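First comes one chain, alone, set out as structure tokens in the form deposited in one PDB entry.
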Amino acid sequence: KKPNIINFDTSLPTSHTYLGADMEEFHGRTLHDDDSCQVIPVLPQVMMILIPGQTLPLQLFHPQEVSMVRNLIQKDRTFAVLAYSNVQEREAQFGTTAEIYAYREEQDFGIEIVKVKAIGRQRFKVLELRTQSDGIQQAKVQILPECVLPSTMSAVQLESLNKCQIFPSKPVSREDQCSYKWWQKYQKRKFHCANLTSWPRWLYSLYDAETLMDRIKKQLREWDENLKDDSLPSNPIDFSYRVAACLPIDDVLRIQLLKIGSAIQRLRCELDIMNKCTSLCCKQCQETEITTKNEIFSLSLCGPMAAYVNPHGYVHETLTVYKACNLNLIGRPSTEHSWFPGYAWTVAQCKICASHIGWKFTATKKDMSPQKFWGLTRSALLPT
């Protein structure tokens, strides 16, 4: 529980200076036509549900993947990451397409290693998982559409009281008696036409976009002291995707949030999950408390969780905690490939099962969070 001094310059974590520095960058964005079927190459050896808007680090070694990515960069730059269910071996029916924005090839070690970073862009469901003899199977992809709904009062609105539906901005910022009182008149003036329908105003506030976003911002700040608009988007779609990425949940809940087609349903599901969630325990034991929900801060602009690659290419999603429990360390604190620029990771294990839950990030300078940073991963962390 370290307050106030959170000195990290928390954006460096999201630049990946470990996966290389002078990485070649790519202009901007693309677009796949809604409800179209597409031929999107599938990069293998990745087993993770890539939420849209989430950065995905990658190191590529085998010649087939290197050639696939080379031809990819020379033709579009988008491949497919499939949301594998509990059953492995290509048991996936949904996914997201990754699109490249940074590229670097090394001739080191006698190999043509390609270091690449990508972010999810779209959401899709596979029709048929076609396999190619080259090694890089191309999947039959249907672009699953994104739904945005108007105000629930737009149908039952009164014309007169419409000019009275453009609210003055929130008073000051993140202050009590400027929220509990502003929101009351906000709900009273926005949903005044709920008297025509058969349901009270608070019910229509349970299906609101801005009210759900406010309640979620409250809980997330209650954990990590967030910077009001610390890149949290105003768009409910993007806000929902960010919250879904940063939530410490298991794979089934992530797939379920991925299946949801509307922002409001996604926000309601996240509220339910984040309200019914308390502890995070070791999967291989489902018996030990290696956290809580209060002991969780954010040294990354993307939240308490982000995707990082070890030098062997494996992608890890790490959860940041002030104080983890029942962890025993082994090995001197070393700093060869730390994803956090200034700490020296020490490998951590469960006190009983001895599984790689994460790392302890001890500091190097003295104006740092002193030896208090556990970056626990999800390969052993079942929400309990």
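One rule holds for the numbers: they count along the sequence shown, beginning at 1. The term rigid core refers to the maximal set of C-alpha atoms that superpose within 1.5 Å between the two forms.
There is also a form deposited in another entry; it is not shown, and the following applies to it.
No residue of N226, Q93, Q187, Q265 other than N226 has its CA displaced by 2 Å or more between this form and the one not shown when the core is superposed.
Relative to the superposed rigid core, the position of the CA of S369 differs between this form and the one not shown by 2 Å or more. One change in that other deposited form concerns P370 and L301, whose Cα atoms lie at least 3 Å closer than in this form.
In contrast to the form presented, in that other deposited form the C-alpha positions of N226 and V252 spread farther apart by 3 Å or more.
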